[PDB]
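The structure appears below as structure tokens.
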Amino acid sequence: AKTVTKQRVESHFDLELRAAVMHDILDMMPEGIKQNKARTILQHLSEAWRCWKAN
Amino acid sequence: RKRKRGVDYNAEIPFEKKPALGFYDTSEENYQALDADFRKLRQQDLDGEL
Amino acid sequence: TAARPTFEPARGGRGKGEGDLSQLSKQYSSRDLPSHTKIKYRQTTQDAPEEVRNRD
Amino acid sequence: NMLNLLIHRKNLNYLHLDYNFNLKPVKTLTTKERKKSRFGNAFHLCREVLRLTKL
Amino acid sequence: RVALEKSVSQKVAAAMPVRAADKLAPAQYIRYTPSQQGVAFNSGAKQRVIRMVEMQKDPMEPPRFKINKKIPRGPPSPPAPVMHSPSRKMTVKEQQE
Amino acid sequence: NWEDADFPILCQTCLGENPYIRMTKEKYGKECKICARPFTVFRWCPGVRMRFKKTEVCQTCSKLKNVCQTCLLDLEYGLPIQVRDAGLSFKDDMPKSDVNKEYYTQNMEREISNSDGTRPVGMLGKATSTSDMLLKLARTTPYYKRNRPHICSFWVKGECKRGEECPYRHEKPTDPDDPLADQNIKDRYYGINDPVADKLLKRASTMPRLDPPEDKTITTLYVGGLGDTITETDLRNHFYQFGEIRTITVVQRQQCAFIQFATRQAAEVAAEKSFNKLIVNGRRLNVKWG
Amino acid sequence: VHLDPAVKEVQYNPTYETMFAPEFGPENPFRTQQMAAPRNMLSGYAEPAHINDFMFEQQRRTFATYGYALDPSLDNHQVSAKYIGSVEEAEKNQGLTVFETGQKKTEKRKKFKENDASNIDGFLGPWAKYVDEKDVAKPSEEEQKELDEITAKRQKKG
RNA sequence: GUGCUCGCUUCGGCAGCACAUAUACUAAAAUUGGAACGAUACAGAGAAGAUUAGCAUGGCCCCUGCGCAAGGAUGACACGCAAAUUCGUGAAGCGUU
RNA sequence: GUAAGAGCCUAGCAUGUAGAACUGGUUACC
Ligand SMILES: [Mg+2]
Ligand SMILES: [Mg+2]
Ligand SMILES: [Mg+2]
Ligand SMILES: [Zn+2]
Ligand SMILES: [Zn+2]
Ligand SMILES: [Zn+2]
């Protein structure tokens, strides 16, 4: 079980951020949703981060 | 042949799970194998149209 | 492709201590040597559960 | 005997441990043979302890 | 705590393999009833007694067999029924929003 | 996984003719010849001039297939696996290719460890239905000739410098021009082309059996070997099981008893159940058609 | 007549009437010799004995030397005692063991002795060979030729 | 094998007693299979033009390393005719109850 | 333009196994 030492830190942070967003959108969608559309919301989040960095 | 896995596909059922059995006898019935017909059958025919 | 996300994690229960101690290996880390082999407990002045029980 | 049985079990037939515990390649090695035959500090430290004892 | 400390000791025994290297002589007896009785099979008896000695292990002996071999994870226990509520009804308008 | 069990699974002609046995237990000594996962090796001496046999396969590979761990023959009947599967069904279908074998082994061992640890796991329900022809060629007395030291390979070249002190046999090896001399371990285990099993099933084919009526509907039973120390009022009681019994002709001058039943089915049955098996009044009751 | 047939490990002290009465009813026909015997793990019943070492190994070596021994069963057919083995030699030799002074004493074998350790290349203290039985055993006159035949038949295979 | 026997009783033998009580993965083998670089031809290194640092992720992929370090081409692989439950309108032509 | 097969293409390290199965049958009434 490899340790997050120094060169894994940003990749582990951005690995866990995606997982927290995945759990939140699985809990946030109501009961009759097709349970697709997670990848698109993750792309919207990556684009929102790029637009934050670009101001 | 020099490989660990791979020949396990045609030889037998790979990671076989038996269908769970209960409340109905299903030991008598069986299925019929496919017609070979090796004078018309093609590689495209098994796959189906693209 | 090569560059791809995860969408599922790696599951635990299949390595070095998980079911049969991975069939009893003779490999051990330097972090797995004996160290702090004595649990310290709360003393009577610190916050021992005998003293915590009667307190309002 | 221990050190060159460790050599001969790893199929490293292109190395030679002489009797004064010098490890030398018999030939010129490829990249794959050189990546394969790189020992660590355990083998070399035990080899040098044996060199001091043989002195 | 008695049940967990035993598994703790069995895990901790790996940490120092031989500091005071092992000692073995509980050579014991087991009385065995073969359960496939024959007039001539045991020789002439209902039971037989066997003296078991644990084999004496070489300290200067490396591990015997490969352990790194790995097979995929087997089937899990039988699926539990879900016990859910009756599917609250979804509308076209909220499905579009 | 490992195995780590106490007291192996042995028959009686491998465990020796001494009731007092010394064996050693080695914790993870060898690997299985089938499973290749390592197990607990038990090793004993059978008798005095014997070979020091040891267990060859796991507890698990003997639980799956109900055999002894060293001779790979049945615990109850003592016959090869292909013969016992021939006298039964074959619904185990253990995989022979590598990864499927270890996967099936892991899962069936999980099924064993998720149970008591006493029964044949899949062979029990098919082990209820038994007493086929395999009971009629099962060996009664122990075959102690297996437990016997190998041919001295220095004596075959005429160079046995130990002579009388050599514990290995100075006698003839078997001719390799023989089907009985190939004998893989795994072929004997999985029940595929075992020549010992071929000879036993061939012996089996020859053996006496109940037969069909010469003509249609005839439930007439021609019974030979009656004897005059019996009574015909008991026959009925030992026969009624089948159904209402039709005609019961009795002749004590030839000691033959003719019988009749409602259906031919029942007569076939009474043959089957009855032929080369039934004895009552401590006297064998022989049956034929017409 | 009071207790469960088998659960295990009774917490109270039982009576002979309340534990060893036989089970009522007929046996079921759905069990074989292996299934009707009270077996413990697939091949019979194994329980830890506590037999004395000397007496065990005495009877063991008595069987391994002659072919008879006493019965180590717990009850068997109820009875104080019997012998198990080649029973005819038990009552013949009065049932002696190996650890006792024997009845028969005849026909001892003959071997060399040079117990002095003074003659070099002549000493054999306990390494003395028998005078009758001899070393390297070449097989026979026809055994050799038939073994040459069987090795030749092996050569025709590979 | 040795010793003791107010043993026959000589120094020859025998008898009695005492102590001493179960080695060996049994081969100097016969067999049985899977395996040493590395040479032979081929083969050529990711990121939407080109030249390129890399960090990951997943597991019937491993190598070097004492390593829960770090390397192995970012170690390799991953590149997919990426289709999973379940349909309806309107007229228009033709035949039919 | 070097370890990546693949295959080859030749090799080599483990093994000291388990196992040899052979026995037979009578006939009669209006
Ligand atoms: Mg790296
Ligand atoms: Mg690069
Ligand atoms: Mg990587
Ligand atoms: Zn096994
Ligand atoms: Zn056996
Ligand atoms: Zn020999």
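Residues are referred to by chain and number: the chain letter is A, B, ... according to the order shown in the structure tokens, the number counts from 1 in that chain, and ligands are numbered separately from 1 in the order shown.
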
Selection within 7 Å of ligand 4 by only C-alpha atoms (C1' of nucleotides) and all ligand atoms, output as a ChimeraX atom specification: /F:32-37,57-61

Export of prior selection with C-alpha atoms as a tab-separated table (two decimals), in the first residue's frame:
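As a result, out07.tsv now contains:
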```
chain	number	residue	atom	x	y	z
F	32	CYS	CA	0.17	-30.66	-3.77
F	33	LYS	CA	0.60	-32.73	-6.91
F	34	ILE	CA	-2.76	-31.39	-8.13
F	35	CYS	CA	-3.42	-28.08	-6.41
F	36	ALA	CA	0.27	-26.94	-6.16
F	37	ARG	CA	-0.56	-25.06	-2.98
F	57	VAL	CA	-2.25	-34.25	-2.07
F	58	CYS	CA	-4.00	-31.72	0.16
F	59	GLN	CA	-6.87	-32.34	2.54
F	60	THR	CA	-8.92	-30.24	0.08
F	61	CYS	CA	-8.10	-32.33	-3.00
```

Close residues, residue 41 of chain A itself excluded, 12 Å, only C-alpha atoms (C1' of nucleotides), min 2 positions apart in chain, as a list in words: residues 18, 21, 22, 24, 25, 26, 29, 36, 37, 38, 39, 43, 44, 45, 46, 47 and 48 of chain A

Can you tell me which residues sit at most 8 Å away from ligand 3, counting only C-alpha atoms (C1' of nucleotides) and all ligand atoms, written as a PDB file with N, CA, C and O atoms (P, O5', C5', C4', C3', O3' and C1' of nucleotides), in the first residue's frame?
```pdb
ATOM      1  P     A H  56       4.451   8.293  -9.273  1.00  0.00           P
ATOM      2  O5'   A H  56       3.013   7.972  -8.676  1.00  0.00           O
ATOM      3  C5'   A H  56       2.026   7.308  -9.449  1.00  0.00           C
ATOM      4  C4'   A H  56       0.737   8.086  -9.494  1.00  0.00           C
ATOM      5  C3'   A H  56      -0.533   7.270  -9.605  1.00  0.00           C
ATOM      6  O3'   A H  56      -0.939   6.717  -8.366  1.00  0.00           O
ATOM      7  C1'   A H  56      -0.629   9.115 -11.088  1.00  0.00           C
ATOM      8  P     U H  74      10.975   8.105 -19.417  1.00  0.00           P
ATOM      9  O5'   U H  74       9.635   8.500 -18.655  1.00  0.00           O
ATOM     10  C5'   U H  74       9.015   7.598 -17.756  1.00  0.00           C
ATOM     11  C4'   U H  74       7.812   8.205 -17.095  1.00  0.00           C
ATOM     12  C3'   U H  74       6.796   7.212 -16.569  1.00  0.00           C
ATOM     13  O3'   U H  74       7.167   6.621 -15.338  1.00  0.00           O
ATOM     14  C1'   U H  74       5.678   8.890 -17.784  1.00  0.00           C
ATOM     15  P     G H  75       6.780   5.095 -15.038  1.00  0.00           P
ATOM     16  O5'   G H  75       7.227   4.298 -16.341  1.00  0.00           O
ATOM     17  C5'   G H  75       8.587   3.970 -16.582  1.00  0.00           C
ATOM     18  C4'   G H  75       8.725   2.618 -17.233  1.00  0.00           C
ATOM     19  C3'   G H  75       7.536   2.130 -18.045  1.00  0.00           C
ATOM     20  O3'   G H  75       7.462   2.683 -19.344  1.00  0.00           O
ATOM     21  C1'   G H  75       8.236   0.415 -16.612  1.00  0.00           C
TER      22        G H  75
END
```

Please, which residues in chain H fall within 12 Å of ligand 1 when counting only C-alpha atoms (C1' of nucleotides) and all ligand atoms, and what is the closest atom pair and distance in Å to one decimal for each, ordered by chain then residue number, as JSON lines?
```
{"residue": "H:54", "atom": "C1'", "partner": "ligand 1", "partner_atom_place_in_ligand_line": "1 (Mg)", "distance": 9.5}
{"residue": "H:55", "atom": "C1'", "partner": "ligand 1", "partner_atom_place_in_ligand_line": "1 (Mg)", "distance": 8.6}
{"residue": "H:56", "atom": "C1'", "partner": "ligand 1", "partner_atom_place_in_ligand_line": "1 (Mg)", "distance": 9.5}
{"residue": "H:69", "atom": "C1'", "partner": "ligand 1", "partner_atom_place_in_ligand_line": "1 (Mg)", "distance": 11.7}
{"residue": "H:70", "atom": "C1'", "partner": "ligand 1", "partner_atom_place_in_ligand_line": "1 (Mg)", "distance": 7.8}
{"residue": "H:71", "atom": "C1'", "partner": "ligand 1", "partner_atom_place_in_ligand_line": "1 (Mg)", "distance": 6.3}
{"residue": "H:72", "atom": "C1'", "partner": "ligand 1", "partner_atom_place_in_ligand_line": "1 (Mg)", "distance": 7.5}
{"residue": "H:73", "atom": "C1'", "partner": "ligand 1", "partner_atom_place_in_ligand_line": "1 (Mg)", "distance": 10.6}
{"residue": "H:74", "atom": "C1'", "partner": "ligand 1", "partner_atom_place_in_ligand_line": "1 (Mg)", "distance": 7.4}
{"residue": "H:75", "atom": "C1'", "partner": "ligand 1", "partner_atom_place_in_ligand_line": "1 (Mg)", "distance": 7.1}
{"residue": "H:76", "atom": "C1'", "partner": "ligand 1", "partner_atom_place_in_ligand_line": "1 (Mg)", "distance": 11.8}
```

Now that the selection is made, can you save its residues with C-alpha atoms (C1' of nucleotides) as a PDB file, in the first residue's frame?
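Okay, this is what ended up in selection_2.pdb:
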```pdb
ATOM      1  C1'   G H  54       6.902  13.929 -15.823  1.00  0.00           C
ATOM      2  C1'   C H  55       3.016  12.386 -11.308  1.00  0.00           C
ATOM      3  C1'   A H  56      -0.629   9.115 -11.088  1.00  0.00           C
ATOM      4  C1'   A H  69      12.423   5.051  -0.819  1.00  0.00           C
ATOM      5  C1'   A H  70      13.315   5.426  -5.773  1.00  0.00           C
ATOM      6  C1'   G H  71      14.082   3.640 -10.636  1.00  0.00           C
ATOM      7  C1'   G H  72      12.717   0.425 -14.857  1.00  0.00           C
ATOM      8  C1'   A H  73      10.115   4.497 -22.029  1.00  0.00           C
ATOM      9  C1'   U H  74       5.678   8.890 -17.784  1.00  0.00           C
ATOM     10  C1'   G H  75       8.236   0.415 -16.612  1.00  0.00           C
ATOM     11  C1'   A H  76       4.701  -2.157 -19.922  1.00  0.00           C
TER      12        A H  76
END
```

Shell around residue 5 of chain I at 10 Å using only C-alpha atoms (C1' of nucleotides), local window under 2 positions removed, as a VMD selection string: (chain H and resid 43) or (chain I and resid 3 7)

With N, CA, C and O atoms (P, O5', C5', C4', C3', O3' and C1' of nucleotides) kept, could you save the residues just selected as a PDB file, in the first residue's frame?
```
ATOM      1  P     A H  43       9.997  -4.178 -39.666  1.00  0.00           P
ATOM      2  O5'   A H  43       9.922  -4.338 -38.083  1.00  0.00           O
ATOM      3  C5'   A H  43       8.701  -4.752 -37.441  1.00  0.00           C
ATOM      4  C4'   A H  43       8.718  -4.366 -35.981  1.00  0.00           C
ATOM      5  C3'   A H  43       9.338  -3.006 -35.662  1.00  0.00           C
ATOM      6  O3'   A H  43       8.332  -2.002 -35.621  1.00  0.00           O
ATOM      7  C1'   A H  43      10.405  -4.674 -34.378  1.00  0.00           C
TER       8        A H  43
ATOM      9  P     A I   3      19.659  -2.724 -25.050  1.00  0.00           P
ATOM     10  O5'   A I   3      18.600  -2.342 -23.911  1.00  0.00           O
ATOM     11  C5'   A I   3      17.826  -3.345 -23.195  1.00  0.00           C
ATOM     12  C4'   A I   3      16.489  -2.794 -22.724  1.00  0.00           C
ATOM     13  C3'   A I   3      15.649  -3.725 -21.871  1.00  0.00           C
ATOM     14  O3'   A I   3      14.454  -2.939 -21.578  1.00  0.00           O
ATOM     15  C1'   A I   3      14.754  -3.818 -23.966  1.00  0.00           C
ATOM     16  P     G I   7       5.405 -16.727 -27.421  1.00  0.00           P
ATOM     17  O5'   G I   7       6.049 -17.934 -28.254  1.00  0.00           O
ATOM     18  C5'   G I   7       5.558 -18.427 -29.535  1.00  0.00           C
ATOM     19  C4'   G I   7       6.272 -17.790 -30.720  1.00  0.00           C
ATOM     20  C3'   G I   7       7.548 -18.379 -31.273  1.00  0.00           C
ATOM     21  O3'   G I   7       7.473 -19.718 -31.764  1.00  0.00           O
ATOM     22  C1'   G I   7       7.567 -15.981 -31.367  1.00  0.00           C
TER      23        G I   7
END
```

Contacts to ligand 5 at 12 Å cut-off (only C-alpha atoms (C1' of nucleotides) and all ligand atoms) as a PyMOL selection string: (chain F and resi 8-16+46+53-57+62+66-80+142-144+146-147) or (chain G and resi 43) or (chain I and resi 18-19)

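Between atom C1' of residue 22 of chain I and atom CA of residue 279 of chain F the separation is 24.9 Å.
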
Surrounding residues as number ranges by chain, ligand 6, max 6 Å, only C-alpha atoms (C1' of nucleotides) and all ligand atoms: F: 152, 155, 160, 163, 166, 168, 170

Next, write the just-selected residues to a file, as a compact mmCIF listing (two decimals), in the first residue's frame, keeping C-alpha atoms as the atom set.
```txt
# COMPACT_ATOMS: atom_id res chain seq x y z
CA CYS F 152 17.03 -50.89 -7.36
CA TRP F 155 20.82 -53.70 -9.65
CA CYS F 160 24.21 -52.89 -6.68
CA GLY F 163 23.77 -56.11 -1.98
CA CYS F 166 20.02 -52.39 -0.03
CA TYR F 168 15.26 -51.63 -2.56
CA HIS F 170 16.09 -56.99 -6.40
```

Expected answer as a PyMOL selection string: chain E residues within 6 Å of chain F, only C-alpha atoms: chain E and resi 41-43+48-55

Kindly export the residues of the current selection with C-alpha atoms, as a CSV table (one decimal), in the first residue's frame.
```csv
chain,number,residue,atom,x,y,z
E,41,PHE,CA,-7.7,-54.5,7.3
E,42,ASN,CA,-6.2,-53.0,10.5
E,43,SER,CA,-4.8,-56.5,11.2
E,48,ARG,CA,-5.3,-47.8,16.0
E,49,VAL,CA,-3.0,-45.5,17.9
E,50,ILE,CA,-0.7,-43.1,16.2
E,51,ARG,CA,2.3,-41.2,17.7
E,52,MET,CA,2.7,-37.8,16.0
E,53,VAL,CA,6.0,-36.0,16.3
E,54,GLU,CA,6.3,-32.5,14.7
E,55,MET,CA,9.2,-32.5,12.1
```

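Using only C-alpha atoms, the chain C residues found within 12 Å of chain E amount to residues 10, 11, 12, 13, 14, 15, 16, 17, 18, 19, 20, 21, 22, 23, 24, 25, 26, 27, 28, 29, 30, 31, 32, 33, 34, 35 and 37 of chain C.
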
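Residues within 9 Å of segment 2-10 of chain D, counting only C-alpha atoms (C1' of nucleotides) and excluding same-chain residues fewer than 4 positions away, are residues 15, 16, 17, 37, 43, 46 and 47 of chain D; 13 of chain I.
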
Selection near residue 87 of chain F, 8 Å with only C-alpha atoms (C1' of nucleotides), sequence-local residues under 4 positions removed, as a VMD selection string: chain F and resid 83 132 to 134

Spatial neighbours of residue 194 of chain F, 10 Å, only C-alpha atoms (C1' of nucleotides), chain gap at least 6 places, as a PDB file with N, CA, C and O atoms, in the first residue's frame:
```
ATOM      1  N   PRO F  80     -10.375 -46.991  -8.339  1.00  0.00           N
ATOM      2  CA  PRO F  80      -9.962 -45.733  -8.979  1.00  0.00           C
ATOM      3  C   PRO F  80     -11.087 -44.730  -9.181  1.00  0.00           C
ATOM      4  O   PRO F  80     -12.269 -45.078  -9.122  1.00  0.00           O
ATOM      5  N   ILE F  81     -10.707 -43.473  -9.408  1.00  0.00           N
ATOM      6  CA  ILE F  81     -11.665 -42.376  -9.450  1.00  0.00           C
ATOM      7  C   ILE F  81     -12.522 -42.459 -10.706  1.00  0.00           C
ATOM      8  O   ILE F  81     -13.718 -42.145 -10.681  1.00  0.00           O
ATOM      9  N   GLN F  82     -11.939 -42.932 -11.806  1.00  0.00           N
ATOM     10  CA  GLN F  82     -12.682 -43.051 -13.053  1.00  0.00           C
ATOM     11  C   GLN F  82     -13.716 -44.171 -12.975  1.00  0.00           C
ATOM     12  O   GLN F  82     -14.798 -44.068 -13.561  1.00  0.00           O
ATOM     13  N   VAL F  83     -13.413 -45.236 -12.226  1.00  0.00           N
ATOM     14  CA  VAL F  83     -14.386 -46.308 -12.030  1.00  0.00           C
ATOM     15  C   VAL F  83     -15.552 -45.837 -11.175  1.00  0.00           C
ATOM     16  O   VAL F  83     -16.717 -46.049 -11.534  1.00  0.00           O
ATOM     17  N   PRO F 179      -0.132 -51.096 -21.353  1.00  0.00           N
ATOM     18  CA  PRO F 179      -0.908 -49.887 -21.045  1.00  0.00           C
ATOM     19  C   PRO F 179      -0.891 -49.515 -19.575  1.00  0.00           C
ATOM     20  O   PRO F 179      -1.087 -48.338 -19.252  1.00  0.00           O
ATOM     21  N   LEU F 180      -0.585 -50.462 -18.689  1.00  0.00           N
ATOM     22  CA  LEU F 180      -0.704 -50.318 -17.244  1.00  0.00           C
ATOM     23  C   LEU F 180       0.502 -49.594 -16.636  1.00  0.00           C
ATOM     24  O   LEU F 180       0.617 -49.476 -15.414  1.00  0.00           O
ATOM     25  N   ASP F 182       1.860 -46.359 -17.890  1.00  0.00           N
ATOM     26  CA  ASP F 182       2.037 -44.933 -18.140  1.00  0.00           C
ATOM     27  C   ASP F 182       1.693 -44.137 -16.887  1.00  0.00           C
ATOM     28  O   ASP F 182       2.590 -43.583 -16.242  1.00  0.00           O
ATOM     29  N   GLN F 183       0.400 -44.114 -16.535  1.00  0.00           N
ATOM     30  CA  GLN F 183      -0.144 -43.715 -15.236  1.00  0.00           C
ATOM     31  C   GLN F 183       0.337 -42.365 -14.711  1.00  0.00           C
ATOM     32  O   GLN F 183       1.224 -42.320 -13.861  1.00  0.00           O
ATOM     33  N   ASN F 184      -0.130 -41.265 -15.286  1.00  0.00           N
ATOM     34  CA  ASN F 184       0.160 -39.965 -14.700  1.00  0.00           C
ATOM     35  C   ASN F 184      -0.578 -39.811 -13.363  1.00  0.00           C
ATOM     36  O   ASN F 184      -1.551 -40.511 -13.077  1.00  0.00           O
ATOM     37  N   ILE F 185      -0.092 -38.883 -12.533  1.00  0.00           N
ATOM     38  CA  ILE F 185      -0.763 -38.558 -11.276  1.00  0.00           C
ATOM     39  C   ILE F 185      -2.089 -37.872 -11.549  1.00  0.00           C
ATOM     40  O   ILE F 185      -3.123 -38.230 -10.975  1.00  0.00           O
ATOM     41  N   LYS F 186      -2.066 -36.862 -12.418  1.00  0.00           N
ATOM     42  CA  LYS F 186      -3.245 -36.062 -12.707  1.00  0.00           C
ATOM     43  C   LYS F 186      -4.261 -36.832 -13.530  1.00  0.00           C
ATOM     44  O   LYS F 186      -5.463 -36.594 -13.389  1.00  0.00           O
ATOM     45  N   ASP F 187      -3.803 -37.732 -14.402  1.00  0.00           N
ATOM     46  CA  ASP F 187      -4.730 -38.609 -15.107  1.00  0.00           C
ATOM     47  C   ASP F 187      -5.457 -39.531 -14.140  1.00  0.00           C
ATOM     48  O   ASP F 187      -6.653 -39.792 -14.306  1.00  0.00           O
ATOM     49  N   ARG F 188      -4.761 -40.018 -13.110  1.00  0.00           N
ATOM     50  CA  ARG F 188      -5.431 -40.819 -12.094  1.00  0.00           C
ATOM     51  C   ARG F 188      -6.333 -39.969 -11.215  1.00  0.00           C
ATOM     52  O   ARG F 188      -7.338 -40.461 -10.695  1.00  0.00           O
ATOM     53  N   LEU F 200     -10.547 -52.340 -14.854  1.00  0.00           N
ATOM     54  CA  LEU F 200     -11.625 -52.600 -13.900  1.00  0.00           C
ATOM     55  C   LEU F 200     -13.001 -52.443 -14.539  1.00  0.00           C
ATOM     56  O   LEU F 200     -13.910 -53.232 -14.262  1.00  0.00           O
TER      57      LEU F 200
END
```
